[PDB]
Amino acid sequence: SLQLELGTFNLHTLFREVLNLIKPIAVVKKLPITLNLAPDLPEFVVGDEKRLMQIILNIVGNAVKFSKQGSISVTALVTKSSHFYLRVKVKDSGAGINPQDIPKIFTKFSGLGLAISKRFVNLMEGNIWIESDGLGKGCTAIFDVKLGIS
């Protein structure tokens, strides 16, 4: 039933906007957070801005929410496979995630963010997953989504 709503927007600006919403909260929790955009990351793109924003906001937001100390990095780059694949990696410094808990992370229902993000990523012909090296190692949430180049 779901359908992409396409328009042209500045992808770089979208990342800075997300960081601007999250930063004051990171500051209160004393979690340094960094954004890195690859030198070849397209600027003006065609895609569904409000759905892309929802995905990035919930994953970056989760990093802040579930981290008690340490830093967070948000990295945006291109996955080579007109269109391209945007990759976003969000690495936090949480307590880590047990292997048994990862396969059910998109279906854990308290909490709706990742379930919604998964549908949006699927709409953009993409892939999303979370991984953790275990105790004390935080986790990385990663997604690839297809976007048009303006």
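All residue numbers refer to positions in the sequence shown, first residue = 1.
According to the record, no deposited residue between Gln100 and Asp101 is left without atomic coordinates. Coordinates are absent for 10 or more residues of the deposited sequence placed between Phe109 and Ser110. Taking the PDB entry as given, 16-24 carries the higher mean Cα B factor of the two stretches 123-131 and 16-24. As listed in the deposited structure, the average C-alpha B-factor of 140-148 and of 1-9 is greater for 1-9. Between the residues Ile59, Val88, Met53, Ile105, the entry's highest C-alpha temperature factor is the one at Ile105. When the modelled residues of the chain are ordered by their C-alpha B factor, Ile33 lands in the highest third.
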